[PDB]
Amino acid sequence: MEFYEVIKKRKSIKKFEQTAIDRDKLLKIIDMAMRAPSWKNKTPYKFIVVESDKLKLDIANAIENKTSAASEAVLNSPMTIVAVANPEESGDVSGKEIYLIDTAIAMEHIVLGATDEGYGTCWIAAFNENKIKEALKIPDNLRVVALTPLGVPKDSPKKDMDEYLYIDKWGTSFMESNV
Amino acid sequence: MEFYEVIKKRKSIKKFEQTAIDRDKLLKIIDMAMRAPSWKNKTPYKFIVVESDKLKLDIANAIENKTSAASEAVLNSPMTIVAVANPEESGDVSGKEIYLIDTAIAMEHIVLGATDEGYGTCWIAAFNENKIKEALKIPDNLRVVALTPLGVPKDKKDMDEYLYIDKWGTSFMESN
């Protein structure tokens, strides 16, 4: 798609087909995140691709929204992408947590790239973070910044991405696994 | 330009031509920011377009980088875009300052939009925030999140309420 058309088409999607994500399209979305700007070109975040239904259920239960729409989007999509950061990598710059800025930038590349590849997303930032860390086996010194479902909507210094992309569990390589 | 091509083409630019920014392209870039997602669709930020050379010099002097490259990018481009946020509008969600997340999202829409439109940018986050608030007459309870030069490299919200010229509160649109 054309760039401005991607910006215009992006919306928060809560209803998804069960259609499987194309692996090549997913890896292009992650590549778009890998190409995001960051402070001092440090990359204080990694992404966990969550495909296990049991883990979706854990994430759904952890979400703290007024309505169940976000929880259901996670239940009812083929996968969820979770953005996890290390606050100590770059620390604070002029009174601001750099990790929040840099991880937000990269996650918007995920979101816009999904839209470009014909997939819906929905920013989710409100959750019991401890519960998500327990589900995904994330060390407690890291921060869960945001997550999003990924699916087809219902009609209604070159980084090696392999170091930055996990499947279901923190530390388990997406690209090296029989996923 | 194709979406993926903009992503790949984006780079930090430090050297610029003097060429004036096209107004219509600038407003298209801000529009792209207006369409950014945010928590509860609140918009805790606004943008100051800085065109005054005196103010560019104030900003250049406020930047706190090891090298002078960023300072010079602000001096030698036709304008700089400054993102200013209100922490108290949405506050914190799950131990995180929503304003930083949301402002960063929208600033990346201006960075990418700039690239789409043929202009370079450079994220600048390290500065004497007080000096920039002084220069741009920003109330002290707000935060300067980031800024970027905008220029040609060498070699349903109404954006009117979210876009200022040179000084906080002075409408870009409604000004000559």
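Note: ideal-geometry Cβ built from the backbone for every residue, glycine included; neighbour counts use all protein chains shown. No value in this document is a laboratory result; all are computed from the given coordinates.
Pull out a ≥ b ≥ c, the square roots of the eigenvalues of the alpha-carbon gyration tensor of region B:2-176, then state rounded if a/c is under 1.5, prolate if not and a/b is larger than b/c, and oblate in the remaining case. Walk me through the numbers before you get to the answer.
Details: a/c = 1.38, a/b = 1.17, b/c = 1.18.
Verdict is rounded for region B:2-176.
Summary of the geometry: region A:111-179 and region A:56-82, compared by the centres of their Cα atoms, lie 12 Å apart. FRET efficiency for the pair B:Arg23 and A:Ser173, taken as 1/(1 + (r/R0)^6) with r the Cβ-Cβ distance and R0 = 56 Å, rounds to 0.70. Judged by the ratio a/c of the largest to the smallest principal axis of the C-alpha gyration tensor, the protein assembly as shown counts as prolate, that ratio being 1.5 or greater while a/b is larger than b/c. Around the Cα centre of region A:2-179, unit charges on the Cβ atoms of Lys, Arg, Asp and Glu (plus for the first two, minus for the last two) sum to a dipole of about 340 debye. Between amide H atoms placed 1.01 Å from N, distances below 5 Å from A:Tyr166 occur with A:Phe47, A:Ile48, A:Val49, A:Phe174, all of them 5 or more places distant or on a separate chain.
Across region A:17-29, computed HN-Hα scalar couplings (Karplus, 6.51 cos²θ - 1.76 cosθ + 1.60, θ = phi - 60°) run 6, 7, 2, 5, 6, 6, 4, 4, 5, 3, 5, 5, 4 Hz from first to last residue, x flagging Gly and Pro.
Order of A:106-118, A:76-88 by packing, highest average Cβ count within 10 Å first? It would help to have the intermediate numbers written out before the result.
Details: A:106-118: 24.3, A:76-88: 20.8.
With the highest mean Cβ count within 10 Å placed first, the list reads A:106-118, A:76-88.
Other chains' Cβ within 10 Å of B:104-112 residues: what's the mean? Mind showing how you got there, number by number?
Details: counts 11, 8, 2, 5, 10, 4, 0, 3, 9.
Shielding by partners across B:104-112 averages 6.
Counting, for every residue in B:33-40, the Cβ atoms of other protein chains within 10 Å of its Cβ and taking the mean gives 4. Inter-chain neighbour count for A:125-132: the average number of beta-carbon atoms from partner chains within 10 Å of each residue's beta-carbon is 3.
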